[PDB]
Amino acid sequence: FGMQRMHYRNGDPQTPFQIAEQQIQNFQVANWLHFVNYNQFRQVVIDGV
Amino acid sequence: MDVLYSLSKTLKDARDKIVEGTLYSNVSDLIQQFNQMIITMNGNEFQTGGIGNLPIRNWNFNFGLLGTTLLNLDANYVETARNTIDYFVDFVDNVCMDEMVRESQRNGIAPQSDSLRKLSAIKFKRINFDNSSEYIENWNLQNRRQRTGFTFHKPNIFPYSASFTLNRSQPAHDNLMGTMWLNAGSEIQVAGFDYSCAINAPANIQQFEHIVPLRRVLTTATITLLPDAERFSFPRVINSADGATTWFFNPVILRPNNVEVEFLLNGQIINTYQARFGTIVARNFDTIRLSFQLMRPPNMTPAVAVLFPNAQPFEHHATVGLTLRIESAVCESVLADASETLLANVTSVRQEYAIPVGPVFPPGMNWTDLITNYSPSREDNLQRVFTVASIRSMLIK
Amino acid sequence: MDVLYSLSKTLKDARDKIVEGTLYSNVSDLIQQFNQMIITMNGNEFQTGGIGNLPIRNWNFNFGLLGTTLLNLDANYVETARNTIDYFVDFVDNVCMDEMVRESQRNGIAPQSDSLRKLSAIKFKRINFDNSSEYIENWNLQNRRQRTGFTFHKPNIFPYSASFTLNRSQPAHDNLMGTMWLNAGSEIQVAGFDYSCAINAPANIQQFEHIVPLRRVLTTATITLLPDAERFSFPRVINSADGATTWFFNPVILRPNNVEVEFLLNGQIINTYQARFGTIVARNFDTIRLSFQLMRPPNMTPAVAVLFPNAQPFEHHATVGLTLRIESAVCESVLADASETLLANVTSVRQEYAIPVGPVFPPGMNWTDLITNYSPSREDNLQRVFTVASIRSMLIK
Amino acid sequence: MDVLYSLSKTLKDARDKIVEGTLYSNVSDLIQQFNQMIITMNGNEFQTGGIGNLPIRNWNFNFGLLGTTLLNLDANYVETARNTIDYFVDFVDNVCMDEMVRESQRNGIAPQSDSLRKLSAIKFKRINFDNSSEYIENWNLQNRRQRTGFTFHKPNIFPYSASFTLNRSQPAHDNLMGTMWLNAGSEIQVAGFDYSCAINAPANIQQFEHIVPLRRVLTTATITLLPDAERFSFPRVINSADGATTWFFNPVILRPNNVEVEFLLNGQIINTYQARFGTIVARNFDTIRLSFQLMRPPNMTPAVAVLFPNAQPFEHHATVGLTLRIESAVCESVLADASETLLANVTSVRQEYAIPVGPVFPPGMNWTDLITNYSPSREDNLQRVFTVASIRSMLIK
Ligand SMILES: [Zn+2]
């Protein structure tokens, strides 16, 4: 999209995918970037385990 | 109590902020609150109702969390959240109606229903959200003994009263003297009369006085004072004191002479105003003392001089009156007024479900009977029920 | 419609939160909304005005995004954003005036202007922000068929009416009987009279009644009731029914005996009050039925007994009246009241630009003519225009 | 001034959002504001009070930052923040009382106290937070010369005035003609009278007129008009013009004929209404011109015809009146009204601390004397003091 480099700090509280979903204006790219950001497990007790 | 407001605050915001098409960063902090409601509330079970015709319902919470992975919210995400909000907002209605209907006499500030006693554990304290409303802020400042204040528009501070006083009378009722008044809502209309028009008074001046004590101390009031009682201006027939006979009152109206209005606090004069009409202020008071006098006019045209003879038949009676009206004031206890409908929500629940008369409140929630004997045991109950009625008004109008 | 409120909400917040010197984390979520407004709105073009003297303007959006890289905002960042806000806030004024001025008769709840029809596409739905105002919350609850409610202070529910009724008359007009009333705004003053003072009535009691039907159903009202009509208390001359002759009315005033106020709903008595003055409540009603009676006093002093003879010349006419006043109530349709100025914003736009009389609203937006015939076709138009007038009041007072 | 509102906004939010048990993400952006208050304020020292009986206090700030590491806030985190908020909220009370008490005549819009002059440096500008209140938004729009507006409920636009005018008189005072009026608050009651009842007037019609000029221009008003002056309806005795003698006024009341109400702006008729009672609007005006006339009834029953003879003894005097009342309007300068208590907070501070009379405001803050001569030097002071009184009302009721 013709943007500049990231210019990323070591020790940023946010990962490079997290300061990318607010800059990119493409809908199809950025909602994939949002899925990778907030992707985690789910802790469910199945059979006592 | 603090967690009952915190349930209603984030169900009001959940119907407002979780809309279709909105950006996810607008609701990124509400969903962390709404998911953390659900985790605390699962596995518990409740029971509301039972008094009067209020039916018994059982509540049980087993719900799933909301998704935190979209960029713009779609119609799947809204419609899967509306069928969770609509179960909680039905639960809060039946807890608020269960609490506005109950009362106690020992300690009325404690919760009375079975569900609100169970919500006051430390397990449920993590649902606590911001407390920004007027009644929940004054619930917390007054619980630590700090100074509170409620702002009213035309507060119902006066009980209804319409009577008179005769300082000079005889069984013929043709030469009288005294005052008449109406105290109702936030308005005082007093009027003094004299049938002889001060023909035998010393220096032809008759002195009147009317003292109104309040029930609670008002602060920073805005008061309108006008020099006529328009209600005691027309001819009427009035019964006697014991209802035996009736007597006739045919007024003509002079202007009030030498008006002095005083605003007392523990017998100390805080403010005073002498022949000053219009809008006045009153910074701190609990007793209003009106004083005004009738003076016979020394010069009279021939059309006036026929009205006031020296002998006994007085067909035109002299009348001097005032009119006072409180526009807005700041009290510290709860009251009723003309702007908000918190008294109307409490009585409408009790009338609908046929609730028996309890030990504290008057029968039918009569406000004239409740402000007349406004005991500290009734004040703690009335604040506890107006605060619950304020929580229910956010969700269900 | 939902995206027209969402444009005005984040232009109001942009003038309030984007100030000089503020920390960036205070405005970190507003700028993500304000940048995402601009991306949706670029490349489009609009056209407003055309009816009456409202001029035609063309709108075109080509703007750049805001910076997201400062720690504290400086005067470069504020002054480069004010010259973007001032173009949008001029656009929303001319869309809101284009919609308050138009009306339809088939389906008035749909958008009528050319710009608001174009904003109702799914391309523009991503501008949607929170819907927290009173009128935009009731716009959404009523669009899904859920129960709504508007809270009013002294609602204009009664059309203006001042008339009388003679239950006994003759061409001399010297022995009359009937009632007089004034219904205006939110106040009823009825007064019944009898010239003979019940000298030949059975048990010397004359019965009066006055029934006022409403147009919409009110809920949880707070009503003040006082036992005197102060407007029908002085001597006056009144024309006849057909304007032929005039007749004279010289009152003296007794107290109202045996007062009963009833609050009806589909002919069913919801509430009733018997000789209870002051403040009362009314939980659900659409018809007020006042009932009161005159009783001749059995014992009279010699000053009273001269007023009421047995023969025909009656020079002092008996009068009994009441006074009712609604302080605050909750309706479900939109109305006018004494606190908010939404009716005044609609008429001031139509009067300024010389707008012709359309098919729905009365000429000149006469509220007495509009609440008299308050059809469901006028209700859908009146809600659609008061809601647009509420959006414009956030930006431009 | 802008940073004095920004101190009070984030102390109000700190007592509301920092509660026990709440999630940390609810308060993650407030703590970044509250820590950045403290860093700016440390090392400085202030001094308030000194005028009247207001005591002198010295202020010194040496505090530590708040922790940013919990997940749910506990009772250690709340109780260590309450003993920091309670020192700031005591500081803002004594700066707001120091500014409401002072005044200047050259440039009243500038800060006058010693502490508020020191807060207007660029060192303190980083404390600036959102400006969302009504008075701080109109403080900023008017400081850039943009159009502002304040919304009032029953604004005190009329000074108190009660007088009369005799267009025909003689020393006997038995054949008179003219008008009487009361202008007080937001209500006009004018009444015209004629003792002869137009027996010798051309076409038996007597013309009346009453013109009321305003002090400031009102916009989009909602006005109630009713065809009776209830205050000038009863018999009374009135003094003469120079207080020499008294004269008698015994009214009977006809209806007002041919009523025309006009709403002027620089001599141009903006609105007009002809025989239209009830609720009316007025989009832009600064002068109200009432016009109404008395017409002798051509047909009279025998009970009416005795009242109005041809000869000189007139015992029943004809009277025609109107009644006007402003419900709500939008002005551009600050005023007083019936809903908010900003005038009552200013006078209560000056009365409590025994403050001497300065060069600008009337003695005792008399509103009748202040709206009578409402100079542009008094307007800049009155806005500067009502805005400070609005900031203090957020923290201390
Ligand atoms: Zn009001």
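Residues numbered from 1 in each chain as written, not as in the entry; some residues may be left out. Chains lettered and ligands numbered in written order. Part of a larger assembly, values for the part shown. Heavy atoms only, no water.

- As summarised from the PDB record, the model derives from cryo-EM at a stated resolution of 3.48 Å.

- For chain B, the name recorded in the PDB entry is Intermediate capsid protein VP6, with Rotavirus as its organism.
- Taken from UniProt, the Subunit (unreviewed entry) comment for chain B reads in full: "Homotrimer. Interacts with the inner capsid protein VP2. Interacts with the outer capsid glycoprotein VP7. Interacts with the outer capsid protein VP5*."
- UniProt's Subcellular location (unreviewed entry) comment on chain B is quoted here verbatim: "Virion". (UniProt positions renumbered as here; feature names shortened; annotations may be inferred.)

- Per the PDB entry, the recorded name for chain A is Inner capsid protein VP2, and the organism is Rotavirus.

Let's talk about the overall build of chain B
For step 1, the next point in the chain: When helices and strands are counted, chain B shows nine helices and 15 strands.
For step 2, the next point in the chain: The C-alpha atoms of chain B give a radius of gyration of 29 Å, which is well past the 21 Å a tight globule of 397 residues would have.
For step 3, the next point in the chain: Seen through its C-alpha atoms, chain B measures out along the principal axes to roughly 95 × 45 × 40 Å.
For step 4, the next point in the chain: The buried share among the 397 residues of chain B stands at 60%. (Helix = DSSP H or I, 4+ residues; strand = E, 2+ residues; numbered from the N terminus. Rg over C-alpha atoms; globule rule 2.2 N^0.38 Å. Buried < 20%, exposed > 50% of the residue type's maximum accessible area, 1.4 Å probe, protein only.)

Digging into the overall build of chain A
For step 1, the next point in the chain: When helices and strands are tallied, chain A shows one helix and zero strands.
For step 2, the next point in the chain: In terms of principal-axis extent, the alpha carbons of chain A reach across some 50 × 30 × 10 Å.
For step 3, the next point in the chain: In chain A, which comprises 49 residues, the share counted as buried stands at 14%.
For step 4, the next point in the chain: By element, 52% of the accessible surface of chain A is carried by carbon and sulfur atoms, the whole surface being about 4,700 Å². (Areas by Shrake-Rupley, 256 points an atom, 1.4 Å probe, with all protein chains shown as cover.)

A look at the packing of helix α7 (residues 342–352) of chain D against helix α9 (residues 376–395) of chain D
All names here are of chain D.
For step 1, the next point in the chain: With their axes 9 Å apart at the nearest point, α7 and α9 run at an angle of 95 degrees to one another. With respect to each other, α7 and α9 are oriented roughly perpendicular. Of α9, the residues touching α7 (which contributes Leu342, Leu343, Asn345 and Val346) are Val385, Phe386, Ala389, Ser390 and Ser393.
For step 2, the next point in the chain: Of the residues assigned to the contact of α7 with α9, the class counts are six nonpolar, three polar and no charged. (Axes fitted to C-alpha atoms, helices over the stretch in contact; angles between N-to-C directions. Parallel < 35°, antiparallel > 145°, perpendicular 65-115°, else oblique. Contact = heavy atoms within 4.5 Å. Nonpolar A, V, L, I, M, F, W, Y, C, P; charged D, E, K, R; others polar.)

Observations regarding a nonpolar patch on the surface
For step 1, the next point in the chain: Together, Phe17, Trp32, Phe35 and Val36 of chain A give the surface a local cluster of nonpolar side chains, amounting to about 390 Å² of exposed area.
For step 2, the next point in the chain: Relative to the elements of secondary structure, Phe35 of chain A occurs in helix α1 (residues 27–37). (Patch = residues over 30% accessible without salt bridge, like charges linked within 9 Å, V, L, I, M, F, W, Y side chains within 5 Å. Salt bridge = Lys/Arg side-chain N within 4 Å of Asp/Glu carboxyl O.)

Regarding the packing of aromatic side chains
For step 1, the next point in the chain: Evaluation of the coordinates by the stated rule reveals 62 aromatic pairs over all chains.
For step 2, the next point in the chain: Residues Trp59 of chain B and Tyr87 of chain B carry aromatic rings whose centres are separated by 5.4 Å and whose planes lie at 70 degrees to one another, so their mutual orientation is edge-to-face. Taken together, the positions of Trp59 of chain B in strand β2 (residues 57–60) and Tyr87 of chain B in helix α3 (residues 75–99) put the pair 28 residues apart, joining distant regions of the chain.
For step 3, the next point in the chain: According to the relative accessible area criterion, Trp59 of chain B is buried, its value standing at 6%.
For step 4, the next point in the chain: With relative accessibility at 25%, the residue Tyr87 of chain B sits in the partly exposed group.
For step 5, the next point in the chain: The side chain of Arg126 of chain C reaches across the aromatic face of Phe27 of chain A, ending 3.9 Å from its centre. (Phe/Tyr/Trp six-rings, centres within 6.5 Å; stacked < 30°, edge-to-face > 60°. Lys NZ or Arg CZ within 6 Å of the ring centre and 35° of its normal.)

Some remarks on the coordination of the zinc ion
For step 1, the next point in the chain: In this structure, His153 of chain B (NE2), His153 of chain C (NE2) and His153 of chain D (NE2) serve as the protein donors to the zinc ion, at separations of 2.1 to 2.4 Å. Placement of the pair is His153 of chain B in strand β3 (residues 150–153) and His153 of chain D in strand β3 (residues 150–153), with the two residues belonging to separate chains. In this pair, the class of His153 of chain B matches that of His153 of chain D, namely buried. (Donors = N, O, S within 2.8 Å, 3.2 Å for Na, K, Ca; no water.)

Quick word on the pairing of strand β5 (residues 177–185) of chain D
Residue and element names in this part refer to chain D.
For step 1, the next point in the chain: Taking burial as the measure, the nine residues of β5 include eight buried ones, the bulk of the element.
For step 2, the next point in the chain: When strand β4 (residues 158–168) meets β5, the two strands line up antiparallel, connected through eight bridges. Of the residues in β5, the one forming a bridge with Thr165 is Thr179.
For step 3, the next point in the chain: Pairing analysis gives eight bridges linking β5 to strand β6 (residues 187–194), with the strands arranged antiparallel. In the sheet register, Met177 faces β6, and the bridge partner there is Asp194.
For step 4, the next point in the chain: Between β5 and β6, which pair antiparallel in sequence order, lie one residue. (Pairing = 2+ DSSP bridges.)

Points about the relation of the copies chain C and chain D
For step 1, the next point in the chain: Expressed as a screw operation, the relation of chain C to chain D combines 0.1 Å of axial shift with a rotation of 120 degrees, fitting to an RMSD of 0.0 Å. Each copy turns onto its partner about a three-fold axis. When C-alpha distances to the rotation axis are compared across chain C, the minimum falls at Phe234 of chain C, with a value of 3.9 Å.
For step 2, the next point in the chain: Here only 2% of the interface residues in chain C have copies in chain D that are interface residues too; the copies meet through unlike faces. (Least-squares fit on C-alpha atoms.)

Here's the deal with the UniProt feature "binding site: Ca(2+)" (unreviewed entry) in chain B
Residues and elements named next belong to chain B.
For step 1, the next point in the chain: The UniProt entry lists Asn266 and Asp286 under the feature "binding site: Ca(2+)" (unreviewed entry), expressed in the numbering used here. Across 21 residues of sequence, these annotated residues stay compact in space, with a maximum C-alpha separation of 7.9 Å.
For step 2, the next point in the chain: Summarising the element assignment, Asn266 is placed in the loop between β11 (257–265) and β12 (268–274).
For step 3, the next point in the chain: Given the relative accessible area of 71%, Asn266 is considered exposed.
For step 4, the next point in the chain: Relative to the helices and strands, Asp286 is located in strand β13 (residues 278–295).
For step 5, the next point in the chain: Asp286 sits in the buried class, given a relative accessible area of 17%.
For step 6, the next point in the chain: In this view, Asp286 contacts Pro213, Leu214, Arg216, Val217, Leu264, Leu265 and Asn266; residues no more than four positions away in its chain are not counted.

Brief notes about the pattern of salt bridges
For step 1, the next point in the chain: Across all of its chains, the model carries 41 salt bridges over all chains by this definition.
For step 2, the next point in the chain: Of the charged contacts, one joins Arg236 of chain B and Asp228 of chain C as a salt bridge, the two residues approaching to 3.9 Å between their closest N and O atoms. Taken as a pair, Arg236 of chain B in strand β8 (residues 236–239) and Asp228 of chain C in the loop between β7 (205–226) and β8 (236–239) lie in two separate chains rather than in one. Across the pair, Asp228 of chain C and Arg236 of chain B agree in class, each one buried.
For step 3, the next point in the chain: Residue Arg82 of chain C pairs with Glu79 of chain C through a salt bridge whose shortest N-O separation is 2.9 Å. Residue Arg82 of chain C and its partner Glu79 of chain C are both found in helix α3 (residues 75–99); the two are separated by three residues, about one turn of the helix.
For step 4, the next point in the chain: Here the salt bridges share partners, and the residues they tie into one network are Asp228 and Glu230 of chain B together with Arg231 and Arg236 of chain D.

Topic: unusual backbone geometry
Excluding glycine, a negative phi dihedral is what most residues carry, and trans is how most peptide bonds are arranged.
For step 1, the next point in the chain: The phi angle at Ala198 of chain B is positive, at roughly 60 degrees, despite the residue not being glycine.
For step 2, the next point in the chain: Within the secondary structure layout, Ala198 of chain B lies in the loop between β6 (187–194) and β7 (205–226).
For step 3, the next point in the chain: Backbone geometry at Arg145 of chain D places phi at a positive 55 degrees, although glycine is not the residue there.
For step 4, the next point in the chain: With respect to the secondary-structure elements, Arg145 of chain D resides in the loop between α5 (134–141) and β3.

Things to note about the interface of chain B and chain A
For step 1, the next point in the chain: Opposite the six residues of chain B that make contact, chain A presents six residues.
For step 2, the next point in the chain: Interface area for chain B against chain A, summed over the two sides, is near 510 Å², with a carbon-plus-sulfur share of 61%.
For step 3, the next point in the chain: Ranking the residues of chain B by area buried against chain A places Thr68, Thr69 and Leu71 of chain B at the top, with a combined share of 76%.
For step 4, the next point in the chain: At the junction of chain B with chain A, the criterion picks out zero salt bridges.
For step 5, the next point in the chain: The tally of links from chain B across to chain A stands at two residue pairs in polar contact.
For step 6, the next point in the chain: Here the side of chain B that touches chain A is built from residues that sort into three nonpolar, three polar and no charged. (Buried area = accessible area lost by both parts, 1.4 Å probe. Polar contact = N/O pair within 3.5 Å; in protein donor to acceptor, adjacent residues only side chain to side chain.)

With respect to the side chain of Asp337 of chain C
Residues and elements named next belong to chain C.
For step 1, the next point in the chain: Looking at where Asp337 falls in the secondary structure, it is placed in the loop between β15 (323–331) and α7 (342–352).
For step 2, the next point in the chain: For the buried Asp337, which has no salt bridge, the nearest side chain bearing the opposite charge is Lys154, at an N-O separation of 11 Å.
For step 3, the next point in the chain: Here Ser339 takes part through its side chain, which lies 3.2 Å from a polar atom of the side chain of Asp337.
For step 4, the next point in the chain: When neighbours within four sequence positions are excluded, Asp337 is seen to be in contact with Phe152, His153, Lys154, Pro155 and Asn156. (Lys, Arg positive; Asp, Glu negative; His and termini not counted.)

Side note on the interface of chain C and chain D
When the parts come together, some accessible area is lost, and that loss is often what is quoted as the size of the interface.
For step 1, the next point in the chain: Tallying the contact residues gives 46 residues for chain C and 45 residues for chain D.
For step 2, the next point in the chain: Taken together, both faces of the contact between chain C and chain D bury some 4,100 Å²; the carbon and sulfur share is 53%.
For step 3, the next point in the chain: Summed over the shared surface of chain C and chain D, the result is four salt bridges.
For step 4, the next point in the chain: Applying the counting rule to chain C against chain D returns 13 residue pairs in polar contact.
For step 5, the next point in the chain: Elements with a minimum of two residues in the side of chain C that touches chain D: α1 (2–17), β8, β9 (246–249), α7 and α8 (367–372) of chain C.
For step 6, the next point in the chain: Ranked by the residues each element gives to the side of chain C that touches chain D, the list is headed by α7 of chain C, at six residues.
For step 7, the next point in the chain: When grouped by side-chain class, the residues that make up the side of chain C that touches chain D number 15 nonpolar, 19 polar and 12 charged.

A closer look at α9 of chain D
For step 1, the next point in the chain: End to end, α9 of chain D covers 30 Å across 20 residues, agreeing with the expected 28 Å (1.5 Å per residue, within 8%).
For step 2, the next point in the chain: Counting buried positions along α9 of chain D yields 16 of 20 residues, so the element is predominantly enclosed. (Expected span 1.5 Å × (residues − 1).)

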